[PDB]
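Undergrad: Let me give you the structure first, and then I'll get to my questions.
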Amino acid sequence: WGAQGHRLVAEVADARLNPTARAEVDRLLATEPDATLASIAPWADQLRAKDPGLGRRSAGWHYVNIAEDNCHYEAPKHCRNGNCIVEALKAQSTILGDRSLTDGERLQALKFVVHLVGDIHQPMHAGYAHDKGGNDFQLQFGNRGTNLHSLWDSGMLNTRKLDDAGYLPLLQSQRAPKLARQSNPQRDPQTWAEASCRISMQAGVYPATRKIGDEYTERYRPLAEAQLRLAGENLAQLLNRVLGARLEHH
Ligand SMILES: O=c1ccn([C@@H]2O[C@H](COP(=O)(O)O)[C@@H](O)[C@H]2O)c(=O)[nH]1
Ligand SMILES: [Zn+2]
Ligand SMILES: [Zn+2]
Ligand SMILES: [Zn+2]
């Protein structure tokens with residue numbers, strides 16, 4: 001996603017934290033001036049500016065392109081050296097949960113988990129390798145040139161002309177998605193990447209022409225918005241497992 005999609009995933013999740021996860025998230029955020037779950041959500045995309053070395057190391061962590069393999073993930077083939085979103089989200093979830101680490105280490109992991117649960121719910125972050133997740137599929141959207149990747153990351157969301165405060169309650173108004181009955185931080189990333197890949201391959205998501213407009217928005221913007229809600233609910237369920245496992249006896 002672009003920055004707004006990332007912040008909205010985090011805003012959906014933030015309100016769904018259990019009291020233990022609320023307190024631990026707040027404690028980690030308090031170590032960095034002005035940090036909220038939402039404000040840190042775009043951080044991992046900003047590393048060319050903020051941390052070039054980490055930026056180069058983590059660039060591949062934002063996606064996993066499995067559509068040519070019919071959305072069936074295989075770590076050795078699709079994720080050599082762990083350099084993809086499935087294995088990165090698993091590892092950052094483990095790091096985040098490791099209470100023996102420093103606040104700085106666990107806050108960095110939190111930044112990645114918040115971002116990556118967003119990205120693993122963006123269809124075009126789990127799509128074709130051969131066109132770089134739709135980045136190479138250039139098209140006209142209304143009167144403006146873009147590409148299929150950017151259309152899904154932000155172009156459709158931008159059609160609402162809402163700031164986060166306007167967009168958030170719209171996402172919250174949707175029918176609740178059915179989640180897994182339990183969080184499994186090591187197994188759910190693959191599930192989510194494969195589901196996102198299947199959307200990238202759904203009929204019409206790749207349009208039959210290179211000139212689209214309101215018909216495309218009206219059909220697929222609801223699905224992008226459903227994916228933001230789902231990502232936020234899945235992020236809260238994951239943080240509740242990693243950071244909120246005990247109320248009594250914490
Ligand atoms: O197939 C691709 C290629 C790139 N990216 C996004 O673009 C960023 C920059 O990739 P690159 O142009 O530096 O390889 C990645 O971190 C990722 O967020 C994708 O989502 N899918
Ligand atoms: Zn993104
Ligand atoms: Zn993207
Ligand atoms: Zn990203």
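Letters A, B, ... mark the chains of the structure tokens in the order given; residue numbers begin at 1 per chain; ligand numbers begin at 1, in order shown.
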Using only C-alpha atoms, which protein or nucleic acid residues come within 7 Å of residue 232 of chain A? Drop anything in the same chain fewer than 3 positions from it, and give the result as a list in words.
TA: residues 9, 10, 12, 13, 228, 229, 235 and 236 of chain A
Undergrad: Quick check for you: according to DSSP on this backbone, which residues of segment 9-214 of chain A are classed as strand (DSSP E)? Reply as a ChimeraX atom specification.
TA: /A:138-141,144-147,211-212
Undergrad: Please check which protein, DNA or RNA residues sit within 9 Å of ligand 2, counting only C-alpha atoms and all ligand atoms, and write them as a PDB file with C-alpha atoms, in the first residue's frame.
TA:
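As a result, result_30.pdb now contains:
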```
ATOM      1  CA  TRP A   1       0.000   0.000   0.000  1.00  0.00           C
ATOM      2  CA  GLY A   2       0.860   3.676  -0.055  1.00  0.00           C
ATOM      3  CA  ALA A   3       1.119   5.591   3.211  1.00  0.00           C
ATOM      4  CA  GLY A   5      -3.438   2.373   3.339  1.00  0.00           C
ATOM      5  CA  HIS A   6      -0.683   1.505   5.858  1.00  0.00           C
ATOM      6  CA  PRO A  42       4.551   3.735   6.571  1.00  0.00           C
ATOM      7  CA  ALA A  44       9.338   0.590   6.315  1.00  0.00           C
ATOM      8  CA  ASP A  45       8.678   2.269   2.876  1.00  0.00           C
ATOM      9  CA  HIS A  62       7.382  -6.092   1.109  1.00  0.00           C
ATOM     10  CA  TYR A  63       6.120  -8.726  -1.366  1.00  0.00           C
ATOM     11  CA  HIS A 115       3.763  -2.459   7.789  1.00  0.00           C
ATOM     12  CA  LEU A 116       4.054  -6.041   6.575  1.00  0.00           C
ATOM     13  CA  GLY A 118      -0.637  -4.298   5.589  1.00  0.00           C
ATOM     14  CA  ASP A 119       1.487  -5.253   2.536  1.00  0.00           C
ATOM     15  CA  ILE A 120       0.659  -8.992   2.741  1.00  0.00           C
ATOM     16  CA  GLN A 122      -2.331  -5.889  -0.810  1.00  0.00           C
ATOM     17  CA  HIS A 125       2.195  -7.364  -3.280  1.00  0.00           C
ATOM     18  CA  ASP A 153      -1.660   0.683  -3.494  1.00  0.00           C
TER      19      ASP A 153
END
```
Undergrad: Find the residues near segment 142-151 of chain A: any atom within 10 Å, counting only C-alpha atoms, skip ones fewer than 5 places away on the same chain, and give them as a ChimeraX atom specification.
TA: /A:1-2,122-125,127,131-137,156-158,205-207,210-214,217,221
Undergrad: Atoms to include: N, CA and C atoms. Write the selected residues as a short mmCIF file (atom, residue, chain, number, x, y, z; two decimals), in the first residue's frame.
TA:
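Heads up, here's the output in again-v8.cif:
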```
data_model
loop_
_atom_site.label_atom_id
_atom_site.label_comp_id
_atom_site.auth_asym_id
_atom_site.auth_seq_id
_atom_site.Cartn_x
_atom_site.Cartn_y
_atom_site.Cartn_z
N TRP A 1 0.85 -1.19 0.00
CA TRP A 1 0.00 0.00 0.00
C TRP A 1 0.88 1.23 0.00
N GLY A 2 0.29 2.36 -0.37
CA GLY A 2 0.86 3.68 -0.06
C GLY A 2 0.65 4.02 1.40
N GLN A 122 -2.21 -6.63 0.46
CA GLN A 122 -2.33 -5.89 -0.81
C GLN A 122 -2.18 -6.88 -1.95
N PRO A 123 -3.24 -7.20 -2.71
CA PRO A 123 -3.14 -8.18 -3.81
C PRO A 123 -1.89 -8.03 -4.68
N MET A 124 -1.54 -6.81 -5.05
CA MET A 124 -0.43 -6.57 -6.00
C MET A 124 0.94 -6.70 -5.32
N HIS A 125 0.97 -6.94 -4.01
CA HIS A 125 2.20 -7.36 -3.28
C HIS A 125 2.32 -8.89 -3.23
N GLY A 127 1.47 -10.89 -6.29
CA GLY A 127 1.00 -11.21 -7.66
C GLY A 127 2.04 -11.81 -8.56
N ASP A 131 5.85 -9.14 -14.09
CA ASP A 131 5.54 -7.70 -14.29
C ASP A 131 5.74 -6.92 -12.99
N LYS A 132 6.48 -7.49 -12.03
CA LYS A 132 6.80 -6.82 -10.75
C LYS A 132 5.50 -6.42 -10.05
N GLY A 133 4.62 -7.38 -9.85
CA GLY A 133 3.40 -7.15 -9.06
C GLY A 133 2.50 -6.13 -9.72
N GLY A 134 2.43 -6.14 -11.03
CA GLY A 134 1.61 -5.17 -11.78
C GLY A 134 2.26 -3.81 -11.98
N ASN A 135 3.48 -3.58 -11.48
CA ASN A 135 4.16 -2.28 -11.67
C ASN A 135 4.39 -2.06 -13.17
N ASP A 136 4.69 -3.11 -13.93
CA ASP A 136 5.00 -2.93 -15.37
C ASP A 136 3.74 -2.84 -16.23
N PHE A 137 2.56 -3.00 -15.65
CA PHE A 137 1.28 -2.93 -16.37
C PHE A 137 0.79 -1.48 -16.32
N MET A 156 -7.00 3.90 -6.30
CA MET A 156 -8.42 3.71 -5.94
C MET A 156 -8.76 4.33 -4.58
N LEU A 157 -7.92 4.13 -3.59
CA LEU A 157 -8.22 4.74 -2.27
C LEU A 157 -8.35 6.27 -2.42
N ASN A 158 -7.50 6.87 -3.24
CA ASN A 158 -7.48 8.35 -3.36
C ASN A 158 -8.79 8.87 -3.96
N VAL A 205 -9.42 -8.13 -12.44
CA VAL A 205 -8.46 -7.32 -11.64
C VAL A 205 -7.34 -6.84 -12.56
N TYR A 206 -6.81 -7.74 -13.37
CA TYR A 206 -6.05 -7.35 -14.57
C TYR A 206 -7.07 -7.01 -15.65
N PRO A 207 -7.23 -5.72 -16.03
CA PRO A 207 -8.31 -5.33 -16.95
C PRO A 207 -7.98 -5.73 -18.39
N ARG A 210 -6.31 -1.05 -21.48
CA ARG A 210 -5.39 -0.18 -20.73
C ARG A 210 -6.01 1.20 -20.48
N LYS A 211 -7.32 1.37 -20.65
CA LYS A 211 -8.06 2.60 -20.31
C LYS A 211 -9.23 2.21 -19.41
N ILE A 212 -9.17 2.61 -18.15
CA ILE A 212 -10.23 2.27 -17.16
C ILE A 212 -10.63 3.55 -16.43
N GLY A 213 -11.67 3.42 -15.62
CA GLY A 213 -12.22 4.57 -14.90
C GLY A 213 -13.20 4.14 -13.86
N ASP A 214 -14.33 4.83 -13.80
CA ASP A 214 -15.26 4.65 -12.66
C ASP A 214 -15.82 3.23 -12.59
N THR A 217 -13.25 1.32 -10.58
CA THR A 217 -13.28 1.78 -9.20
C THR A 217 -14.50 1.18 -8.49
N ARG A 221 -12.72 -1.04 -5.87
CA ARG A 221 -12.40 -0.26 -4.67
C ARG A 221 -13.03 -0.92 -3.44
#
```
Undergrad: Check the smallest atom-to-atom distance from each of A:35, A:168, A:231, A:67 to residue 111 of chain A using only C-alpha atoms, then report the winner.
TA: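 Checking each candidate against residue 111 of chain A, we get A:35 as the closest.
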Undergrad: From the options A:199, A:47, A:8, A:239, which residue's atoms come nearest to ligand 1, counting only C-alpha atoms and all ligand atoms?
TA: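 When distances to ligand 1 are compared using only C-alpha atoms and all ligand atoms, the smallest one comes from A:47.
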Undergrad: Each residue of segment 74-159 of chain A with at least one atom at most 8 Å from segment 169-187 of chain A should appear once, together with its nearest atom pair and the corresponding distance in Å (one decimal); atoms considered: only C-alpha atoms; ordering: chain, then increasing residue number; output as CSV.
TA:
```
residue,atom,partner,partner_atom,distance
A:90,CA,A:186,CA,5.2
A:93,CA,A:185,CA,6.5
A:94,CA,A:185,CA,7.9
```
Undergrad: Would you mind exporting the chosen residues as an mmCIF file, in the first residue's frame, restricted to N, CA and C atoms?
TA:
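Final file, out-v3.cif:
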```cif
data_model
loop_
_atom_site.group_PDB
_atom_site.id
_atom_site.type_symbol
_atom_site.label_atom_id
_atom_site.label_comp_id
_atom_site.auth_asym_id
_atom_site.auth_seq_id
_atom_site.Cartn_x
_atom_site.Cartn_y
_atom_site.Cartn_z
ATOM 1 N N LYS A 90 7.072 -13.555 9.472
ATOM 2 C CA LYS A 90 7.268 -14.598 10.514
ATOM 3 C C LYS A 90 8.404 -14.196 11.468
ATOM 4 N N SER A 93 7.763 -11.164 13.632
ATOM 5 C CA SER A 93 6.787 -11.529 14.689
ATOM 6 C C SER A 93 7.536 -12.197 15.856
ATOM 7 N N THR A 94 8.446 -13.091 15.564
ATOM 8 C CA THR A 94 9.257 -13.755 16.610
ATOM 9 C C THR A 94 10.079 -12.706 17.369
#
```
Undergrad: Residues at most 7 Å from residue 71 of chain A, counting only C-alpha atoms, excluding those fewer than 5 positions away in the same chain, as a PyMOL selection string?
TA: chain A and resi 66+194+197-198
Undergrad: Using only C-alpha atoms and all ligand atoms, find the one residue out of A:202, A:100, A:4, A:240 that sits nearest to ligand 3.
TA: A:4
Undergrad: Counting only C-alpha atoms, what is within 12 Å of residue 82 of chain A, bar same-chain residues fewer than 2 positions away, as an mmCIF file with C-alpha atoms, in the first residue's frame?
TA:
```cif
data_model
loop_
_atom_site.group_PDB
_atom_site.id
_atom_site.type_symbol
_atom_site.label_atom_id
_atom_site.label_comp_id
_atom_site.auth_asym_id
_atom_site.auth_seq_id
_atom_site.Cartn_x
_atom_site.Cartn_y
_atom_site.Cartn_z
ATOM 1 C CA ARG A 57 18.371 -5.327 3.221
ATOM 2 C CA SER A 58 14.548 -5.216 3.650
ATOM 3 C CA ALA A 59 13.323 -4.027 0.173
ATOM 4 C CA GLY A 60 12.252 -7.569 -0.860
ATOM 5 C CA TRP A 61 10.384 -8.091 2.433
ATOM 6 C CA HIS A 62 7.382 -6.092 1.109
ATOM 7 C CA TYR A 63 6.120 -8.726 -1.366
ATOM 8 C CA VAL A 64 6.054 -12.317 -2.588
ATOM 9 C CA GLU A 74 7.114 -22.504 -1.609
ATOM 10 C CA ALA A 75 9.760 -20.858 0.626
ATOM 11 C CA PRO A 76 12.903 -22.261 -1.128
ATOM 12 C CA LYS A 77 11.658 -21.155 -4.576
ATOM 13 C CA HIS A 78 9.754 -17.917 -3.771
ATOM 14 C CA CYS A 79 11.700 -16.802 -0.705
ATOM 15 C CA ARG A 80 15.424 -17.540 -1.134
ATOM 16 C CA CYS A 84 10.088 -12.048 0.925
ATOM 17 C CA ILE A 85 7.096 -10.946 2.983
ATOM 18 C CA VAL A 86 6.064 -14.404 4.236
ATOM 19 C CA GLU A 87 9.361 -15.233 5.923
ATOM 20 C CA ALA A 88 10.079 -11.593 6.964
ATOM 21 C CA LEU A 89 6.690 -11.263 8.692
ATOM 22 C CA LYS A 90 7.268 -14.598 10.514
ATOM 23 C CA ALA A 91 10.755 -13.574 11.716
ATOM 24 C CA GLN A 92 9.741 -10.015 12.740
#
```
Undergrad: Would you mind reading off the distance between atom CA of residue 121 of chain A and atom CA of residue 29 of chain A, one decimal, in Å?
TA: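 Interatomic distance, atom CA of residue 121 of chain A to atom CA of residue 29 of chain A: 23.8 Å.
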Undergrad: Please return, as a list in words, all residues of segment 132-210 of chain A that DSSP assigns to alpha helix (DSSP H) on the basis of the backbone.
TA: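 Those residues are residues 148, 149, 150, 156, 157, 158, 164, 165, 166, 167, 168, 169, 170, 171, 172, 173, 188, 189, 190, 191, 192, 193, 194, 195, 196, 197, 198, 199 and 200 of chain A.
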Undergrad: Would you write out those residues with C-alpha atoms, as a CSV table (one decimal), in the first residue's frame?
TA:
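Everything below was put into out_37.csv:
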```csv
chain,number,residue,atom,x,y,z
A,148,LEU,CA,-1.9,-1.5,-11.9
A,149,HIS,CA,0.4,-1.8,-8.8
A,150,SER,CA,-0.1,1.9,-7.9
A,156,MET,CA,-8.4,3.7,-5.9
A,157,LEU,CA,-8.2,4.7,-2.3
A,158,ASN,CA,-7.5,8.3,-3.4
A,164,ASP,CA,-7.6,9.1,7.6
A,165,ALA,CA,-10.2,10.5,10.0
A,166,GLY,CA,-12.9,10.3,7.2
A,167,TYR,CA,-11.7,6.9,5.8
A,168,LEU,CA,-11.3,5.0,9.1
A,169,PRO,CA,-15.1,4.9,10.1
A,170,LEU,CA,-16.0,3.9,6.6
A,171,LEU,CA,-13.7,0.8,6.9
A,172,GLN,CA,-15.1,0.1,10.4
A,173,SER,CA,-18.7,0.3,9.1
A,188,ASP,CA,-0.8,-17.3,8.9
A,189,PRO,CA,1.6,-15.2,6.7
A,190,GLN,CA,1.6,-17.9,4.0
A,191,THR,CA,-2.3,-18.1,4.2
A,192,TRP,CA,-2.6,-14.4,3.8
A,193,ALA,CA,-0.1,-14.1,0.9
A,194,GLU,CA,-1.9,-16.9,-1.0
A,195,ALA,CA,-5.4,-15.2,-0.4
A,196,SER,CA,-3.9,-11.9,-1.6
A,197,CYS,CA,-2.5,-13.6,-4.7
A,198,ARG,CA,-5.9,-15.2,-5.5
A,199,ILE,CA,-7.4,-11.7,-5.6
A,200,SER,CA,-4.6,-10.5,-8.0
```
Undergrad: Could you pull the residues within 12 Å of segment 17-24 of chain A, counting only C-alpha atoms, minus those fewer than 4 positions along the same chain, as a PyMOL selection string?
TA: chain A and resi 10-13+28-31+36-37+96-97+99+103+106-107+110+232-250
Undergrad: Check the smallest atom-to-atom distance from each of A:50, A:113, A:14, A:220 to ligand 4 using only C-alpha atoms and all ligand atoms, then report the winner.
TA: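 Among the listed residues, A:113 lies closest to ligand 4.
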Undergrad: Let me make sure I understand: among A:65, A:39, A:159, A:140, which one has the smallest atom-to-atom distance to ligand 3 if we use only C-alpha atoms and all ligand atoms?
TA: A:65
